[PDB]
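Asker: Enclosed are the sequence and the experimentally obtained structure.
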Amino acid sequence: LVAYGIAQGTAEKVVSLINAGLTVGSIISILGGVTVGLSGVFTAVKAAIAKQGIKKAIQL
């Protein structure tokens, strides 16, 4: 997220929502804006967690 472009502060917060298992659709819903774009990388990040750990997702 951070390395991609997503703010570091908001990243940690967003990651918490990912643990819910909800789809990217639920993510943008909370953003409340034209955030349509990161969804292309958010999907890949999900697998990253199980591949390593939520912590790693942050740097992403």
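Answerer: The structure has been received and is ready for your questions. Residues are numbered from 1 along each chain as shown.

Asker: Residue 15 contacts residue 58, doesn't it?
Answerer: Yes: with contacts counted by C-beta atoms under 8 Å, residue 15 reaches residue 58, the gap being 6.3 Å. Heads up, the C-betas are built off the backbone N, CA and C, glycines and all.

Asker: overlap in contacts of these two?
Answerer: Common contacts of residue 15 and residue 58, defined by C-beta atoms under 8 Å, 6 or more residues apart in numbering, comprise residue 1.

Asker: Contacts for stretch 6-26, please.
Answerer: Outside stretch 6-26, the residues that reach it (C-beta under 8 Å, 6+ apart) are 1-2, 27, 30, 38-39, 42-43, 45-46, 49, 54, 57-58.

Asker: Show me what counts as buried in that stretch.
Answerer: Residues 6, 11, 14, 15, 18, 24 are the ones in stretch 6-26 that count as buried (16 or more other C-beta atoms under 10 Å).

Asker: so how far is that stretch off the chain centroid?
Answerer: Offset of stretch 6-26 from its chain centre (C-alpha atoms, centre = their mean, to the nearest Å): 4 Å.

Asker: Tell me the helix or strand right after the lengthiest helix in the chain.
Answerer: For the chain, the longest helix by residue count, based on DSSP state H, is helix 39-51. Using DSSP states H and E, the helix or strand that follows helix 39-51 in sequence is helix 54-59.

Asker: elements contacting that following helix?
Answerer: With contacts defined as 3 or more C-beta pairs under 8 Å, 6 or more residues apart in numbering; DSSP states H and E, the packing partners of helix 54-59 are helix 8-18, helix 39-51.

Asker: quick one: contacts of the last one?
Answerer: Same thing as helix 39-51. 1, 4, 18, 24, 27, 28, 56, 57, 60.

Asker: That helix vs helix 8-18, what angle?
Answerer: 70 degrees (axes from the mean of the first three to the mean of the last three C-alpha atoms, to 10 degrees).

Asker: ok, back up a step: which parts of the longest helix of the chain are buried?
Answerer: 42, 45, 48, 49.

Asker: okay if I get the residues you listed as a markdown table plus distance to residue 34?
Answerer: Output for those, formatted as a markdown table (distance: C-beta to C-beta, whole Å):
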| residue | distance to residue 34 |
| --- | --- |
| 42 | 15 |
| 45 | 20 |
| 48 | 25 |
| 49 | 26 |
